[PDB]
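In the form deposited without the partner chain, a lone chain appears below as structure tokens.
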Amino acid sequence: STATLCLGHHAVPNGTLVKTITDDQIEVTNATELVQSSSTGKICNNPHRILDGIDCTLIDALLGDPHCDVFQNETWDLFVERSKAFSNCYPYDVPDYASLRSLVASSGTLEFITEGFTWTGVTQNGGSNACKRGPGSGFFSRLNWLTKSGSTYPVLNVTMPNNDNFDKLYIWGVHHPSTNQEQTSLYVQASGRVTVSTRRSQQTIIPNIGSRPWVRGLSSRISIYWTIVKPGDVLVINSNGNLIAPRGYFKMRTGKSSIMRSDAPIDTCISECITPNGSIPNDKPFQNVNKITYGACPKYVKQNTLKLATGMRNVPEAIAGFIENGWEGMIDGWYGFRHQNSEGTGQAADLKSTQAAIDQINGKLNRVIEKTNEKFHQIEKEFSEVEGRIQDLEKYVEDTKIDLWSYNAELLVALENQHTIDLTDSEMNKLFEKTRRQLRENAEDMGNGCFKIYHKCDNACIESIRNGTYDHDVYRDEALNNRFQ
């Protein structure tokens, strides 16, 4: 009479295919997708403060477009700028539009403190029929269209010191009229000038008296410039004409605020990661939704699928063990022992090796990857305009980052899956050689992941081999007589 102890591992009929260093496509028992390929479709408004620019750009809310009067003094961690947005005030252009938009977005607040500028000998609060405030004519609420008073426009020259402890942002402008008649009617001088200076900075702009396309009934423009006044510094606005003055300063801050062009609707939910396609869950280490991200988002990768083997290698199917096949009928644990003796066939898992493999497998990826990279303000990555050098450089930087992180994700998945598979085979072989070392001369490796044990082995003794208390010398005198004789 002899016994048989086969060592084995769990298998599943539902084998998931993964990628490794050594195999293009290998079948494992379980796998987790690391690439968030689909979004919720909606921008969840927590924990980040989401400001919906329903029909307003950021610059139109800054300047005070009347339909953006509902954005006076609004703060945000993300400004969602809709493609539906339009302007309904005096036609304007921002030289260096993207820089102003970016610094106002990172500022995270349109907190406008009005200041007592003493514009003397000049008519304030100029207006236009291209911005009906409500009824009648108006203008940007955060600007002051100055025009001649009587028969002259003096050389305006005012100062404003920054005695506070923060950067002030002064949004000013220059009026480019259409005709010299319009110039000399608004500003008596034949060609104006707007200088705005600090102790360390300068901008001087000569207006551009020339006609141009009719936008809301005007062949004139406002060229919007800005000036950042540091603490202790001082602003000076000098002007010979064509000045669109500021009424005050925008309280600059520095923080996690940003801006995002999106058309997805906001919804009352919770999500750390926001994309133009909506909020996504940050549970996975990579994504494929969009490269434009805000918050604790995963990394963007070109790959649409990257399956990490969070389980072992699958070999789905005389009680032969692991050298031949894996066991489908073992859910008690990962690695285990089947056994055949006179007291009846049976099975029992080994939670030691199972729990070792799970302890190594449960926390694999989170010890070579980041928490979830919190990126709040980044470069622009979707361009509507054609600009050339700086746009191509931004595109190239982002494409470089994307290709590098895609390669890193591919190599990481391959390495971690190869290590998972070698680790699980290692635990199986370690259990095998452990049981070999318990059965010094009382057993023989049959070659199918199984020990033929040459003494009568009741289920108590099979359990003794399973749990490690098996003393070989009790049965040695019998097993040698059954092996070599």
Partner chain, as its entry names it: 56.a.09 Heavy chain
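Positions refer to the first chain, counted from 1.
There is also a form solved in complex with the partner chain; it is not shown, and the following applies to it.
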Legend entry - One stretch from 73 to 81, 358 to 366, 268 to 276, 141 to 149 that, in the entry with it bound, holds residues within 4.5 Å of the partner chain by heavy atom: 358 to 366
Inset, instruction - Have a look at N30, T435, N45, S39 for me and say which one sits with a heavy atom within 4.5 Å of the partner chain in the entry with it bound. - result: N30
Inset, instruction - Could you spot which one of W334, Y249, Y153, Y294 gets a heavy atom to within 4.5 Å of the partner chain in the entry with it bound? - result: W334
Inset, instruction - Give a yes or no for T354: in the entry with it bound, does one of its heavy atoms lie within 4.5 Å of a heavy atom belonging to the partner chain? - result: yes
Inset, instruction - Verify the contact flag for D283: yes if a non-hydrogen atom of it lies within 4.5 Å of a non-hydrogen atom of the partner chain in the entry with it bound, no if not. - result: no
Inset, instruction - Flag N341 as yes or no: does it have a non-hydrogen atom within 4.5 angstroms of any non-hydrogen atom of the partner chain in the entry with it bound? - result: no
Legend entry - Exercise: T310 in contact with the partner chain in the entry with it bound, heavy atom 4.5 Å: yes
